[PDB]
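Contents: one structure, followed by commentary.
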Amino acid sequence: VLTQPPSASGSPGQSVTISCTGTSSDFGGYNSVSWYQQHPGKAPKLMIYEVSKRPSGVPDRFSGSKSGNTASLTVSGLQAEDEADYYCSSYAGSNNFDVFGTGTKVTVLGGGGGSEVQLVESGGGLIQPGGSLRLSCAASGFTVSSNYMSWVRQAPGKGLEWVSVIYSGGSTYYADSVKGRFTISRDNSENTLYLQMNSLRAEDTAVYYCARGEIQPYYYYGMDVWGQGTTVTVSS
Amino acid sequence: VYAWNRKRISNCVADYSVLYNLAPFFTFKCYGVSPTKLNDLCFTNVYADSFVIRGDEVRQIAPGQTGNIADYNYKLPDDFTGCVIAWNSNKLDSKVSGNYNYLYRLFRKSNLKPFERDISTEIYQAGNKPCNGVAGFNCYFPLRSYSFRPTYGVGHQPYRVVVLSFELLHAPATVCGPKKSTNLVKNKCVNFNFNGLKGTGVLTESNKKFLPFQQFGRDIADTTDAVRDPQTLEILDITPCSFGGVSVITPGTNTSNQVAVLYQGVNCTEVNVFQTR
Amino acid sequence: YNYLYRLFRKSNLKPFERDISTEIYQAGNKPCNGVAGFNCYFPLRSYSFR
Amino acid sequence: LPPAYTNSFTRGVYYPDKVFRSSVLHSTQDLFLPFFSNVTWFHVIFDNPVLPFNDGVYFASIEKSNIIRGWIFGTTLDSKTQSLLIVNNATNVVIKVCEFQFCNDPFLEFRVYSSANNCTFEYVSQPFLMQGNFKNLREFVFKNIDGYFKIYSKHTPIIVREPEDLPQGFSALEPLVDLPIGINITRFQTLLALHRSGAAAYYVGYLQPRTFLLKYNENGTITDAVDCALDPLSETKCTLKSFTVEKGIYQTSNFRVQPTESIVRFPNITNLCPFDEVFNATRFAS
Ligand SMILES: *[C@@H]1O[C@H](CO)[C@@H](O)[C@H](O)[C@H]1NC(C)=O
Ligand SMILES: *[C@@H]1O[C@H](CO)[C@@H](O)[C@H](O)[C@H]1NC(C)=O
Ligand SMILES: *[C@@H]1O[C@H](CO)[C@@H](O)[C@H](O)[C@H]1NC(C)=O
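Chains as they are written, first to last, in our numbering: chain A, 52 to 287; chain B, -15 to 261; chain C, 5 to 54; chain D, 120 to 405.
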C-alpha cells in the first residue's frame, strides 16, 4: 500500500511535480522507481525508469530526483493538454507484490508499441464464471521463452497490481491475491507463452496485460513494449 | 555468488564450539544434524563455500527453494547436512565510492545444476539472433552489480553466508572432532579408554624400553599389559585389577557357625589375619 | 501443529517411559533463561506436511 | 638393458604391527619377501623402467650421497587419475598426491613434471627420510591396504666392499609414514638425480602373502625370522614354536594333488528333432 495524491489539476504544468510518498525507507536496495502513463484505450507506455537517463521519448519530462523519501518527477513545462494517469512503483523487497500506486489524476486540462514486436490476445468476450480460459501474448520478435515477462491486471477505478511474475525457467511465483488458485503453465518454447484461469473467484474480471519486462525489477531490455487488453466480463 | 570458494578442508580436529565465539553470527540453523552431536562424528573432507548476499536473500538459502539467487547462483538439494552459518558484514564492506564490483547474474537460460559454479562472462543471447557480441535490443549484459550503501537499513545489507557441505565416500575419514582428555591416576584400579583400547587396570610405572614407533603392548599370550601415554612420553604398565578366589572353611552346621574366609592370590594387603602360601 | 516431534536430549531415554517435556534445552553450562539464544531451543519441533 | 637377477637373502622382515614383545616367538601371516628369491639387478650406471605393483614392493638403494632419490608410484601415470610423487629434496621430503602426469621424462629443480591440476594431500614432511670404503644401504618396503599406504624403511651403514649384492644379516624395518590417502596403485617408477650440468644399483623385489615366525629380543626388537615355506626344516620350525628342533619325526601339514582338467560326459547325441522335416516343404500353412 502506497500513498499517492487523488488528483492534481491546479497550476497546470507549472507546480504540479507529482510524486508518491508513504515509503518511510530508502527504497530498499536498487533505487529504480518507474513511472507509467496509463491512457484510456491503448496500453500504457513507459516514461522513465531510473532517477535520470530518460529513455527515447518526450524530452520535456526529466529530473526525477529522490527528495526526502519520495521521487519527485519534475513534470512542469511539459504541455497543457493531457488525459492520463501517472503511476509510480516502489517497495522492491523480496517477494512483495502490489508495487503500483493509487489512481492519480494528473489531467492538466481534462477536456483537451504497435509494430515494434507484436501484440495479440485471446479476446475473452462473455467469459463464463469458472472454467479455464487461456490468454496468450505470442511475440514474433523478442523471445517469449528467455526474457522475464509478467502479467498485471487492472479494473475500472482501481489501480494496477502485480498478478503474475515468471522467471526464465525455474520459478512460478504467484501473487497474494490468488494465494494458490492461479497456476501458470508455459506453452511451447518456440511458439508462445499462455496463462490459465483455473476457476476464478469472481475477482478476475479486471483486464489483463502481458508485459515483456518486469515492473519493479525493471531492466532496460532495449525498449518497453506493451499490448492492449481485453475485457473479461464475467457473468457470475 | 558467481565465483565462490570451494575450500576442501580435512585432516584436522573440527571444533565447531569455537565458531560460537569467533564472530557475532546471526543465523546458525543446521539442517542436517545437531551441533552437540556434530563434534562426535567423523568425516572425510568438508567443502566450505562462501558468498555474499543481501539480507532478504538469506531466506532463499534452503535445501530446495526457488528464487533469483536460489536457482541462479547456488542451489542446495534435499541432502545438505551442514549449516547455514551467516553474518552481517556492514562494517568494512560498505563505502561511499561506487560499489560496482559484485554481481548476481540476473539473466540466465535455466536453473543450474545444484552445487555448481559457472564462471562465464559471455553476452546473454536471448535466442532468434546470432549475437557475436553486441549490446542493443537483443543481447545485454547478463550481470548487474548491487547498490550496497552504508546509509541504508536492514534487509539490503552485505551478509556473508558460508555453507559447509559434508560427504562420506569410500575413503578414510580424517576430520572427526575434538578429543578431550582427563587427569592421570596412578596406582589405582580404574578404567581406561586409551585410543580405542578400552579396559580396566592399575596404571603403574614400568621400566620397559619401548620402540619409538610402538604404541600398545601385549604379553606372551594375548593380553595387553602396557601402553604408551598419548601425552608426553611415558612408559606405563597396565596390570589387571585386584581379583581372586574366595573359599570358606566351615566346621559344619552341627556344632557352631564360625567360619573362616580364605582369599587366594593376595598378600593380605589388597582385600585374626594370617598370610600363607 | 497437532503432530509434535521432540528434539535431542543430553541423556538417553528409557524403554517404556514417556518423554513429555516442555522446558528449554541447555547446551553445556550456559542457561539461556527461557529465551532461545544460541544452541538452546524448545524440543517442540512441529512436523511439516504437504 | 638386459636386467640381471640376484638371490635375495634373509632381508626384508618388517614389523607387522606396533606391539611391544619381549623374548617371545610371534607367528605372523602377512605380505613378506620370500627368502632365497630372485630380485632384478637393475644397474643405474641409464635405466628407468615401469614395474608392476601387485601388492607391495621391496626397494633397495646403495647410493653414495644423493644418487637415488624419489618415487613415482601411481596407477597409470596419466593426468586423468591421481598418482604419487614422493621426492627427497634438500634436507626435506615432498609428499603430494596430485595428478601431475609428466612433462618430458622422470628425471630431476622440479623437472619431473610441468602442469597444474587438482591435488588431494600436501603432507610435506620436514624431517628427511634419508669413511672412504663405507657405503650406505637403505631398504624401503612399500605396502598398500584399503585405506593406507605404509612405507617401512631402514638405513644400515654397510662396511664390506664386496661386489654389489645384498649382504648377509637380518635387519628389520621401522615405520615412518602412514599416509591414509586412498588411491589405486599398480605401477612403480623410479628416478635418479642426474645433474649433468658402477655408481649404484637399486634392487626391486616383490612381496607375497606368507607366514613368518619372528623372534623378539628382550628389548623388543626382532633379532631373526624364519619362513614357513622354504624347506621341510622351515615347516618343522613353524609348526612348533621353537627354533631348536629335537631329534625325531614330526608331522607337518598334509599334501594333496590338485586337479588339472575337467571332463563332462553326456550320453550319445541321438533322437533328433523333426525340425528338419518342418523347414522343407511346399505348402506350409495359412
Ligand atoms: C601435549 O600437551 C601437553 C600439555 O601440557 C604438553 O606439555 C606436551 O608437551 C604436548 N606434547 C605434544 C606431543 O604436543
Ligand atoms: C638391549 O639390547 C642389547 C643387545 O645387545 C642387550 O645387550 C641389552 O641387554 C638390551 N637391553 C638393554 C638393557 O638395553
Ligand atoms: C555314439 O556311438 C556311435 C557308435 O559307436 C559313435 O560312432 C558315436 O561317435 C557316438 N557318439 C558319442 C560317443 O556320443
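C-beta: ideal position from N, C-alpha, C; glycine also.
{"query": "Name the chain A residues that come within less than 7 Å of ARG38 of chain B, Cβ to Cβ?", "result": "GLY80"}
{"query": "In whole angstroms, what is the alpha-carbon distance linking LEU53 of chain A and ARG92 of chain B?", "result": "32 Å"}
{"query": "Among B:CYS26, B:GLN242, B:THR20 and B:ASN241, which has the Cα closest to the Cα of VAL159 of chain B?", "result": "B:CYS26"}
{"query": "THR159 of chain D to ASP166 of chain D, Cα distance in whole Å?", "result": "12 Å"}
{"query": "If contacts are defined as beta-carbon pairs under 8 Å, then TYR130 of chain B and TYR58 of chain B qualify, I think. What distance do you get, rounded to the angstrom?", "result": "That belief does not hold up - the Cβ atoms of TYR130 of chain B and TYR58 of chain B are roughly 16 Å apart, past 8 Å."}
{"query": "Report yes or no: do three or more beta-carbon pairs, one from the stretch 195 to 208 of chain D and one from the stretch 289 to 307 of chain D, lie closer than 8 Å?", "result": "yes"}
{"query": "Residues of chain B with CB closer than 9 Å to the CB of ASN37 of chain C, please, in chain order.", "result": "Here the premise fails: no neighbours, minimum Cβ distance about 17 Å."}
{"query": "Are the stretch 259 to 277 of chain D and the stretch 232 to 243 of chain D touching by the rule of at least three beta carbon pairs closer than 8 Å?", "result": "no"}
{"query": "Using beta-carbon positions only, say whether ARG49 of chain C and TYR9 of chain C come within less than 7 Å of one another.", "result": "yes"}
{"query": "Taking CB distances under 7 Å as the criterion, tell me whether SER18 of chain B reaches chain C.", "result": "yes"}
{"query": "What I want to know is whether the C-beta of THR166 of chain B ends up closer than 6 Å to one or more non-hydrogen atoms of ligand 1.", "result": "no"}
{"query": "Chain B beta carbons: is any one of them nearer than 7 Å to that of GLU218 of chain D?", "result": "no"}
{"query": "Cα separation between residue 289 of chain A and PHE121 of chain B?", "result": "Only positions 52 to 287 of chain A appear in this structure, which leaves residue 289 of chain A out of reach."}
{"query": "Per DSSP, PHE132 of chain B is paired with what?", "result": "Per DSSP, none; premise fails for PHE132 of chain B."}
{"query": "Quick one: which chain B residues come within Cβ less than 9 Å of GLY339 of chain D?", "result": "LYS192, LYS193, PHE194, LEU195, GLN198 and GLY201"}
{"query": "Are any of the Cβ atoms in chain C nearer than 7 Å to that of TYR58 of chain B?", "result": "no"}
{"query": "The beta strand (DSSP E) with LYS273 of chain D in it runs from where to where?", "result": "268 to 275"}
{"query": "Do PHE259 of chain D and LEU170 of chain D have their C-beta atoms within less than 7 Å of each other?", "result": "no"}
{"query": "Which residues, in chain order, does the stretch 199 to 225 of chain B contribute to contact with chain D at a C-beta distance below 7 Å?", "result": "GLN199, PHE200, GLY201, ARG202, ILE204 and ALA210"}
{"query": "Run through chain C and tell me which residues come within less than 7 Å of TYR108 of chain B, C-beta to C-beta.", "result": "By Cβ distance, chain C contributes nothing, its closest Cβ being about 35 Å from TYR108 of chain B, past 7 Å."}
{"query": "Strictly closer than 6 Å from CB to any heavy atom of ligand 1: give me those residues in the order they appear in the chain.", "result": "B:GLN215 and B:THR216"}
{"query": "Using only the alpha-carbon positions, how far apart do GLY180 of chain B and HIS162 of chain D sit?", "result": "47 Å"}
{"query": "Of all the residues that make up the stretch 229 to 261 of chain B, which are near chain D by a beta-carbon distance shorter than 9 Å?", "result": "none"}
{"query": "Would you call the CB atoms of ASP174 of chain D and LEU326 of chain D closer than 7 Å?", "result": "yes"}
{"query": "Mind checking residue 4 of chain C: buried by the 16 CB within 10 Å criterion, or exposed?", "result": "Any property of residue 4 of chain C remains undetermined from this structure, which presents chain C solely from 5 to 54."}
{"query": "From the DSSP secondary-structure annotation, give me the bridge partner or partners of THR121 of chain A.", "result": "A:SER118"}
{"query": "Within its chain, find whatever has a CB closer than 7 Å to the CB of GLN267 of chain A; leave out the 5 residues flanking it on each side and keep chain order.", "result": "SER140, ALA143 and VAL150"}
{"query": "Pick helix, strand or coil for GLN205 of chain A, following the three-state DSSP scheme.", "result": "strand"}
{"query": "Could you give the DSSP three-state label for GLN44 of chain B: helix, strand or coil?", "result": "helix"}
{"query": "Is it the case that the CB of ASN33 of chain C approaches a heavy atom of ligand 2 more closely than 6 Å?", "result": "no"}
{"query": "Starting from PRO328 of chain D and walking both ways along the beta strand (DSSP E), at which residues does that stretch end?", "result": "327 to 335"}
{"query": "Whose CA, out of A:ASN82, A:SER250, A:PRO95 and A:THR281, lies closest to the CA of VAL258 of chain A?", "result": "A:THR281"}
{"query": "By the 10 Å Cβ neighbour count, where 16 or more other Cβ atoms means buried, how is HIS314 of chain D classified, buried or exposed?", "result": "exposed"}
{"query": "So with Cβ pairs under 7 Å, would you call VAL243 of chain D a contact of chain B?", "result": "no"}
{"query": "How big is the Cα-Cα spacing for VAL212 of chain D and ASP55 of chain B?", "result": "46 Å"}
{"query": "Which residues mark the beginning and the end of the beta strand (DSSP E) in which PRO351 of chain D is found?", "result": "Careful: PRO351 of chain D lies outside any beta strand (DSSP E), inside the alpha helix (DSSP H) at 351 to 358."}
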